[PDB]
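Visitor: got the complex split up, this is the first portion:
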Amino acid sequence: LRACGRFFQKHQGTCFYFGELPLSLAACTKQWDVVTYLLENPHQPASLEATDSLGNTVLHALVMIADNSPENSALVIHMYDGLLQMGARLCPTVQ
């Protein structure tokens, strides 16, 4: 479900861009339990190669939120490596 509102688009002031998707919102808020559940649940697949209106996947949207802060960088690196390892086993064919 695409959250395409003005609060969610990337611009200056009163915005929070995360990738307009529930998996991207779960990755850009450091959950990894909602992430591992949305990725692996019998009801809904919540694939890793979904894009939003800017064409950004969840890896793009983790790059987009990345500040060069000490804690933001650790968050982004953790979620980047975790989703890479999980895409190695959910959709092992695609890069």
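Guide: Received the coordinates, thanks. Residues are numbered from 1 along each chain as shown, chains lettered A, B, ... in the order given.

Visitor: state the phi and psi torsions of the residue minimising distance to the centre of chain A.
Guide: What sits nearest the mean C-alpha location of chain A, by Cα atoms, centre = their mean, is residue A:24, with 2.6 Å. Main-chain dihedrals, residue A:24, degrees, to the nearest 10: phi -70, psi -40.

Visitor: give the burial count for residue A:15, as a bare number.
Guide: Other residues lying near residue A:15 total 12 when counted by other Cβ atoms under 10 Å. From N, CA and C alone the C-beta is placed, and that goes for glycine too.

Visitor: the closest residue to residue A:67 other than its chain neighbours and residue A:79, how far apart?
Guide: Distances taken as Cβ to Cβ, 6 or more residues apart in numbering put residue A:73 closest to residue A:67, at 7.2 Å, once the chain neighbours are dropped. Using Cβ to Cβ, to the nearest Å, residue A:73 is found at 11 Å from residue A:79.

Visitor: out of these two, which sits in the more crowded spot?
Guide: Here residue A:73 and residue A:79 are compared on neighbour count by other Cβ under 10 Å; more neighbours surround residue A:79, at 24 against 12.

Visitor: report the longest helix in chain A, please.
Guide: Longest helix of chain A, by residue count under DSSP state H: helix A:70-90.

Visitor: which residues are contacting it?
Guide: A:27-28, A:30, A:32, A:35-36, A:39-40, A:47-48, A:58-59, A:62-63, A:65-67, A:94 (Cβ atoms under 8 Å, 6 or more residues apart in numbering).

Visitor: just say helix, strand or coil for the residue lying farthest from the centre of chain A.
Guide: Most distant residue from the mean C-alpha position of chain A: residue A:13, 21.1 Å away (Cα atoms, centre = their mean). Secondary structure, DSSP: H, G, I helix; E, B strand; the rest coil: residue A:13 is coil.

Visitor: quick one, phi psi at it?
Guide: phi 90, psi 140.

Visitor: how near is it to residue A:32?
Guide: 29 Å.

Visitor: now swap in residue A:67 and tell me
Guide: 19 Å.

Visitor: also put chain B in, sequence below:
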Amino acid sequence: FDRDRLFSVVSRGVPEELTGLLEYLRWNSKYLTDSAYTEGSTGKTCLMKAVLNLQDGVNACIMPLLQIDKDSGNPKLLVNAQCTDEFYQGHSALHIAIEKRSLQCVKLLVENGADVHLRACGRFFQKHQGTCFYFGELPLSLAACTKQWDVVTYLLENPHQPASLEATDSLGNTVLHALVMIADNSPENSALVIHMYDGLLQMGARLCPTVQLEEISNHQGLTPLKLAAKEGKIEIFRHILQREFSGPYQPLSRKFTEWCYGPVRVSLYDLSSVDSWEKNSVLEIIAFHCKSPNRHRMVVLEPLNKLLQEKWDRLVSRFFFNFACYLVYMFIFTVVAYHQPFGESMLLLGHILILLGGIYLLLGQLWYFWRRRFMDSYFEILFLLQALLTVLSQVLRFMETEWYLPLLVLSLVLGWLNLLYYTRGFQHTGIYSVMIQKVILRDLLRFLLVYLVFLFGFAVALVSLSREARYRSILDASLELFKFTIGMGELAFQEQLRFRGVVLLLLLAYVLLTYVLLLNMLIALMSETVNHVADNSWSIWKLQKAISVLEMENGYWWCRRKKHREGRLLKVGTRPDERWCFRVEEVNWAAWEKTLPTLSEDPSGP
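Guide: Time to bring in chain B:
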């Protein structure tokens, strides 16, 4: 019995040694609070002498002394007796019981009807320089300014005496004012003052829940926040400005949260007694009333930096319009000063224009100094003096004086200096200007005094040696000397002078002394450059831009613009509590734990 033996036995603490004291007081019918039992110098009684000499918190002879006073029929109670010397006036035994940090004797003393609202108004207790300790002239204020919190919680909540939180002393200071007054910017003093401030605020939330203790004004007329800003105490002022409380103390907080959404968070700071819409604001008190040297750090804090930046972004068009008006005035001034005796008509119109502009600037600076009756009035006195010189020059022109042309071009030159005032609009030149003034002003003025003294000394020596042939006046000799500084000085071996080697040695010694003088000023400015912190200069630039913002809001002397209020009326809770809250957005990537109440469920833009 006598007072000397009583002081001895009450210092020892033995209660058995005062056995016939009640009998002597009955047979003599003399009360214990007379001049025959108080010391002649300071007027302290035997009870004060007892409570001075405490043995691990308790004195054995302090209860019978109160007992045999009740048996003595004293109209004025012994415990309420205070000192009479002007140095120590108003000091009672309750103040000594609090100062010695003993809750046991405090309880034992308030059970016998110790009046807890006893003003210690002596010279030792008033605020001045040297041998003083100001705490607020009250026992609750003394218990708060000495970090007890047990005497405080007992005096506030005991059945005998209420010891209310809204009591004032002779300066009108409550206990919150008196905690602001004692606040140093030390690391431990600030923690002490912040702890007692928050503790007494929370306790006044439940003892007198109706009144707001932050709104009480002293005899000078300041709330404790304005007294924190006026006295230049940075850390307690910062802690009051951004105060967050979680629980039932939420209506006592000043910093609320409106909504959170992941890392994005909007906070709300109430602009009560801060925003410049009211008369005695905190911004105006930091700018035009505070004289402490850290007043430039007070405009840097979190709810104030964003507020002054928003005001500046709204007023920058008016700032540059004032700059453009002054620049156009200086262009017509320099054109009028160039063309000096369609042509004569335009020249008379230009004279009329610069006279009207001088009158305009003169009235503006006069209104400025009428309202505000260095570095704050540094350019204001310059603008005033330049407008004064311009109107005096046009008056002397109308008087057909020959000396009108020196006063005109001086008013021209000074005008082109006053344009430097408009460097504070841009960050780099403004910060650099502030840094330049602080680094170079004192050093350059002292160097100039040295150079002038040495110049005229060597000029008199050069005239005296060059008078007798084998530099005529001090003016021409000092000019020939000063030409060594600009790099056009001429030194040569003269043969028509009798004293010619010593004049050559005098010129060489002056060249060497001027070189060491320039070296002295160079490495003095270099040493000031190395020992320089750029955050200090950035803060002083923010203070300059804040004073510019505060003066642009008033409007001109002809039209006074109505001050548009900042923030929006928001329901922060149920006291409903409707405050004007300035909104500050922030992003925090380390705050995933969310233990907070938020005023609004759904995020919204400004």
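
Visitor: try the neighbour count of residue A:15 again now we have chain B.
Guide: The number of residues packed near residue A:15 is 16, by other Cβ atoms under 10 Å in any protein chain shown.

Visitor: on that earlier part again, show me the contacts for the residue nearest to the centre of chain A.
Guide: The contact partners of residue A:24, by Cβ atoms under 8 Å, 6 or more residues apart in numbering or on different chains, come to A:18, A:52, A:56-58, A:61-62.

Visitor: repeat that with 10 Å
Guide: Going by Cβ atoms under 10 Å, 6 or more residues apart in numbering or on different chains, residue A:24 touches A:3, A:17-18, A:35, A:50-52, A:56-62, A:64-65, A:79, A:83.

Visitor: ok, residue A:30 next?
Guide: Counted by Cβ under 10 Å, 6+ apart, residue A:30 has contacts A:71-72, A:74-76, A:78-79, B:262-263, B:589-590, B:592.

Visitor: regarding it, what is its secondary structure?
Guide: coil.

Visitor: repeat that for the one 5 residues further on.
Guide: For residue A:35, the secondary-structure state derived from three-state DSSP is helix.

Visitor: what is the neighbour count of residue A:81?
Guide: Neighbours around residue A:81, by other Cβ under 10 Å: 10.

Visitor: quick revisit: check which residues of the longest helix of chain A are buried.
Guide: By 16 or more other Cβ atoms under 10 Å in any protein chain shown, the buried positions in helix A:70-90 come out as A:72, A:75-76, A:79-80, A:83, A:86-87.

Visitor: same check, this time on stretch A:45-58
Guide: A:46, A:48, A:50-52, A:56-58.

Visitor: of those residues, closest to chain B?
Guide: The closest of the buried residues of stretch A:45-58 to chain B turns out to be residue A:58 (Cβ to the nearest Cβ; 14.8 Å).

Visitor: show me the contacts for the closest one.
Guide: Here residue A:58 is in contact with A:18-19, A:21, A:23-28, A:35, A:46-52, A:79-80, A:83, A:87 (criterion: Cβ under 10 Å, 6+ apart).

Visitor: same thing with residue A:48?
Guide: Residue A:48 touches A:23, A:27, A:35, A:38-39, A:57-59, A:83-84, A:86-87, A:90-91, A:94, counting by Cβ under 10 Å, 6+ apart.

Visitor: here is chain C, add it in:
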Amino acid sequence: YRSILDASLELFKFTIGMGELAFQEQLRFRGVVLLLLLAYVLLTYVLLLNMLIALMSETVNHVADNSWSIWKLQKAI
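Guide: To build on what is shown above, here is chain C added in:
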């Protein structure tokens, strides 16, 4: 000093070190012109001092790894 060109040239010659200031007797306003030249010499001296310690303050607050990185960026372009 007749035109603004020649007067500004005589003024600017104080910067290069060949400026000539002298007490003139053929000028009515001669003391105030001497005071104007002296005030200009002082103002130019404070201006050069201002630029000197501004560059000195920028030199002290300077990190050479930043300059090395920008040089690597220039060489990379």
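
Visitor: again for the neighbour count of residue A:15, chain C present now?
Guide: Neighbours of residue A:15 (other Cβ under 10 Å): 16.

Visitor: so it touches residue A:65, yeah?
Guide: No: in this structure, residue A:15 is not within contact of residue A:65 by Cβ atoms under 10 Å, at 11.2 Å.

Visitor: roughly how far does the residue nearest to the centre of chain A sit from chain C?
Guide: 33 Å (Cβ to the nearest Cβ, to the nearest Å).

Visitor: residue A:48 too?
Guide: Taking Cβ to the nearest Cβ, one finds residue A:48 at 34 Å from chain C.

Visitor: repeat that for residue A:2.
Guide: Distance from residue A:2 to chain C, by Cβ to the nearest Cβ: 38 Å.

Visitor: over to residue A:19?
Guide: Residue A:19 is 31 Å from chain C, by Cβ to the nearest Cβ.

Visitor: that residue: what's it in contact with?
Guide: A:2-3, A:8, A:10, A:25-28, A:50-52, A:54, A:56-65.

Visitor: burial check on the closest residue to it other than its chain neighbours, number of neighbours?
Guide: Spatial nearest neighbour of residue A:19, chain neighbours left out: residue A:61 (2.8 Å); criterion: Cβ to Cβ, 6 or more residues apart in numbering or on different chains. Burial measure for residue A:61: 25 neighbouring residues, criterion other Cβ under 10 Å.

Visitor: can you check the one 5 residues further on too?
Guide: Counted by other Cβ under 10 Å, the residues lying close to residue A:66 total 16.

Visitor: now do the contacts for residue A:8.
Guide: A:2, A:15-21, A:25, A:52-53, B:261.

Visitor: run the last query once more with 6 Å
Guide: Contact analysis of residue A:8 by Cβ atoms under 6 Å, 6 or more residues apart in numbering or on different chains lists residue A:20.

Visitor: just to revisit the earlier point, report the distance from the longest helix of chain A to the chain centre.
Guide: 9 Å (Cα atoms, centre = their mean, to the nearest Å).

Visitor: what's the angle from it to strand B:577-587?
Guide: With axes from the mean of the first three to the mean of the last three Cα atoms, to 10 degrees defining the directions, helix A:70-90 sits at 60 degrees from strand B:577-587.
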